[PDB]
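Q: I'd like to ask some things about the structure below.
Protein chains: 2
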Amino acid sequence: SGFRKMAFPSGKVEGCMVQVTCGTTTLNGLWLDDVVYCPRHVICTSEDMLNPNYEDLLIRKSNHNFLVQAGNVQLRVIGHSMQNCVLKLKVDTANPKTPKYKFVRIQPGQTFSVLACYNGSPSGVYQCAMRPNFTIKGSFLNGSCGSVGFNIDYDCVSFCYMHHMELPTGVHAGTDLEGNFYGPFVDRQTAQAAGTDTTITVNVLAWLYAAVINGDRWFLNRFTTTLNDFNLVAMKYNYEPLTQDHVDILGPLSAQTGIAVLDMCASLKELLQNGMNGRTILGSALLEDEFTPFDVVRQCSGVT
Amino acid sequence: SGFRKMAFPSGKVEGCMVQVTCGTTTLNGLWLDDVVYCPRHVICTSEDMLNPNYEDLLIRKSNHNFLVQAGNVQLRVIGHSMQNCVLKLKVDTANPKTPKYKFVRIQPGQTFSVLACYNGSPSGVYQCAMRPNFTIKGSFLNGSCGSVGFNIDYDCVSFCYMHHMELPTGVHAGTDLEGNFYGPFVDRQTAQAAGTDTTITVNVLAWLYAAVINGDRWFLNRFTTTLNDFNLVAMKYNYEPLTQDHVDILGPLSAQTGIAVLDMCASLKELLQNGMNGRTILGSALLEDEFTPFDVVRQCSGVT
Ligand SMILES: *CC(=O)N1CCN(Cc2cnc(Cc3ccccc3)s2)CC1
Ligand SMILES: *CC(=O)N1CCN(Cc2cnc(Cc3ccccc3)s2)CC1
């Protein structure tokens, strides 16, 4: 028993982290097979970041300008190309620690682990969610760009995020491993405001199910509701609308606990309307939304 | 910017996890050099756990009864011994992935990362703290025993915890790597109640400093207090007494923010007395106590 904000084991990803330096900028790269992926803003000076023309800046760079170091050994760059907002640096050596992998583009509400790195070296691992406004709330200092987000399915690492920037409000933006930003963000030091950071309703319900499985049951009430009634309340509280797809995904949790999804929605509705009254659920005084239904099943079952 | 509950990268520890089976019980083992460490209750049947005499049960076990598997390859056991509540299984092969390591016994209030494992395979990593009542609030299912807690200092892993049991209240108990339980707990299926789970005051103050460094400043007030006055309030709220040693340890955070430790104590005193009033600090609606002052400095500076 017990329920924790749990990250995937990071070993498979640690073996892929490298340092990439172009001129005076050093950030992280992801080395998979004979390609190193990194944010294209590694070619920028702090002056360039204000309004960079990446194609033009890249013309002044040659393979030998990209210094790639894996541990304390230098990798030989034999090609370079820009794919959207990432650079792909072809090296002459395949990463011998390359795990089975995929590049996936996640949907808002999906969680993933981040291996925060500096100078190609891992500093820590934590769990994030792609917010409904396409930002993530991470922990990233200067030098952390190029750190990646991922999920693991037994032995296959699905990379979903590469860190590129921090908005003026302290929230984070990045791309998938094809270099496409999540949301409307651009790799430019310009006015970029995030939209409404709504709560991931389906995740909150999954976490309420985890609470029941782990013994926290005070919030269970004698009520039920409908999808439409619940959604009127969810709209009022800046929660994402709950769909039949979300109800279906919560089916295994509903089956395990014997609590119908709509009954849990009515418990959530009362928590939104009445608050916690100074009480806690799974050690939290707020409704946690960074556990998906899959995460709750995975953690409550013990998938390795 | 941003502040997350961050675990150490788990790769160095993943390379040490093995499966240990004795009869019908399978749990995790830690393989360092040519020794595999595991909870001694691996020799128990569910019937034995009620009142086990470990020395007597161990007499009926031989080296060949301890099945140790690292990945899909079997390790040859050439010796076995009991040290307190752990068994040390000498194998004929040194773990080629053994990192630089130490065995440390932590004090309450200290944090560490846990690599939750099942059948010698890593499932996830999360951050814990040794509670003042010597329990930890983990996420452990049956089969997770033998999973370990650790800290890392650059390339040296300091192992501090091995998981042994869950109390009837859903909290966890275990040993250091010398096999001595933290607290008064015993490896027996018997009535073991935990003492008061008080809040780790020095950790809360460190986390308030992290909040200020990361932009959350609403809770800063116009007041100050003294150690004795603050401690009268801390006693009332089941917070650990703050000592001059704790004040000294908070010195670098005080210096970085320009907020004197006693002024932060006065902010904490008002938060205890008035509550949060529906507001949050670093995404939390409660005062977080599982970040030490060292953790805050480490994360806010980017140590790898
Ligand atoms: C996320 C990440 O690692 N990066 C993107 C943001 N930059 C910010 C900086 C750029 N240059 C720096 C050093 C400097 C400061 C002032 C004048 C000249 C150079 S920090 C870091 C990389
Ligand atoms: C923490 C950990 O991994 N362990 C300590 C607690 N045991 C509990 C169990 C013991 N035997 C089990 C299977 C069984 C159930 C009922 C009757 C006979 C066998 S679960 C697991 C290991």
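Just so you know, the sequences run in chain order Z and R.
Start counting at 1 in the first sequence, then tack on 3263, and there's your number in UniProt numbering.
Start counting at 1 in the second sequence, then tack on 3263, and there's your number in UniProt numbering.
Ideal placement from N, C-alpha and C gives every residue a C-beta, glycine not left out.
1. Beta carbons nearer than 9 Å to chain Z: which residues of the segment 3368-3392 of chain R have them?
2. How do the segment 3408-3425 of chain Z and the segment 3272-3280 of chain Z stand: do at least 3 beta-carbon pairs fall below 8 Å, yes or no?
3. Does at least one heavy atom of ligand 1 sit under 7 Å from the Cβ of Z/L3320?
4. Would Z/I3512 and Z/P3447 qualify as a contact pair, given that the criterion is a beta-carbon distance under 8 Å?
5. Tell me whether the segment 3395-3405 of chain R and the segment 3427-3435 of chain R touch, counting them as touching only if at least three CB pairs, one residue from each stretch, are closer than 8 Å.
6. Taking the alpha-carbon positions, what's the Z/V3467 to Z/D3311 distance?
7. Find out if the Cβ-Cβ distance for the pair R/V3354, R/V3299 is shorter than 8 Å.
8. Residue 3228 of chain Z touches chain R at which residues, Cβ-Cβ below 9 Å?
9. Near R/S3309, which residues of its chain fall below 7 Å by C-beta distance, leaving aside the five closest residues on each side in sequence?
10. Report yes if the C-beta distance between R/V3281 and R/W3294 is below 8 Å; otherwise report no.
11. Using a cut-off of 8 Å between C-beta atoms, extract the partners of R/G3412 located in chain Z.
12. The segment 3267-3286 of chain R: which residues have C-beta closer than 9 Å to a C-beta of chain Z, in chain order?
13. With a CB to CB cut of under 6 Å and the five nearest residues on each side skipped, what residues in its chain are close to Z/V3367?
14. Any idea which residues DSSP pairs R/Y3502 with across the strands?
15. Would you check if the distance between the CB atom of residue 3572 of chain Z and the CB atom of R/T3356 is smaller than 8 Å?
16. May I ask you to list, following chain order, the residues of the segment 3287-3318 of chain R that have a beta carbon less than 7 Å from some beta carbon of chain Z?
17. Nearest to Z/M3345 by CA position, among Z/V3560, Z/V3496, Z/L3320, is which residue?
18. Can you determine whether any heavy atom of ligand 2 sits closer than 7 Å to the C-beta of R/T3453, and answer yes or no?
19. Taking only beta-carbon positions, decide if Z/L3404 is within less than 8 Å of chain R.
20. Does any residue of chain Z bring its CB to less than 8 Å from the CB of R/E3441?
21. Against R/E3429, what residues of chain Z qualify as contacts under a CB-to-CB distance less than 9 Å, listed in chain order?
22. Return helix, strand or coil for residue 3635 of chain Z, following the three-state DSSP convention.
23. Do three or more CB pairs link the segment 3438-3453 of chain Z to the segment 3466-3485 of chain Z at distances below 8 Å?
24. Skipping 5 residues on each side, what residues in its chain have a beta carbon closer than 6 Å to that of R/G3342?
25. For chain R, find out if any of its Cβ atoms is closer than 8 Å to the Cβ of Z/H3435; answer yes or no.
26. May I ask which residues mark the beginning and end of the beta strand (DSSP E) holding R/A3333?
27. By DSSP's criteria, R/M3345 is part of a beta bridge. Which residues make up the other side?
28. Quick check on this structure: which residue in Z/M3498, Z/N3537, Z/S3564, Z/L3534 has the alpha carbon closest to the alpha carbon of Z/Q3519?
29. Return the chain-ordered ranges of every alpha helix (DSSP H) run that is complete within the segment 3523-3555 of chain Z and spans a minimum of 4 residues.
30. Only counting the same chain, and skipping five residues up and downstream in sequence, which positions put a Cβ closer than 7 Å to that of R/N3382?
31. Any heavy atom of ligand 2 inside 7 Å of the beta-carbon of Z/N3477?
32. Starting from the N-terminal side, write out each stretch of the alpha helix (DSSP H) that is 4 residues or longer and does not extend beyond the segment 3268-3340 of chain R.
A: On the basis of the coordinates in this document:
1. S3376, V3377, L3378, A3379, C3380, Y3381, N3382, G3383, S3384, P3385, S3386, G3387, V3388, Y3389, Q3390, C3391
2. yes
3. no
4. no
5. yes
6. 42 Å
7. yes
8. This structure leaves residue 3228 of chain Z out entirely; chain Z is present only between 3264 and 3567.
9. none
10. yes
11. Under the 8 Å cutoff, chain Z gives no residues; its nearest Cβ is about 12 Å from R/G3412.
12. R3267, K3268, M3269, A3270, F3271, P3272, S3273, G3274, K3275, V3276, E3277, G3278
13. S3421, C3423
14. R/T3462
15. There is simply no residue 3572 of chain Z to check, as chain Z begins at 3264 and stops at 3567 in what is shown.
16. none
17. Z/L3320
18. no
19. yes
20. no
21. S3264, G3265
22. The question about residue 3635 of chain Z has no answer here: the residues shown for chain Z are numbered 3264 through 3567.
23. no
24. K3353
25. yes
26. 3329-3333
27. R/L3350
28. Z/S3564
29. 3524-3537
30. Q3282, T3289, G3406
31. no
32. 3274-3277, 3317-3322
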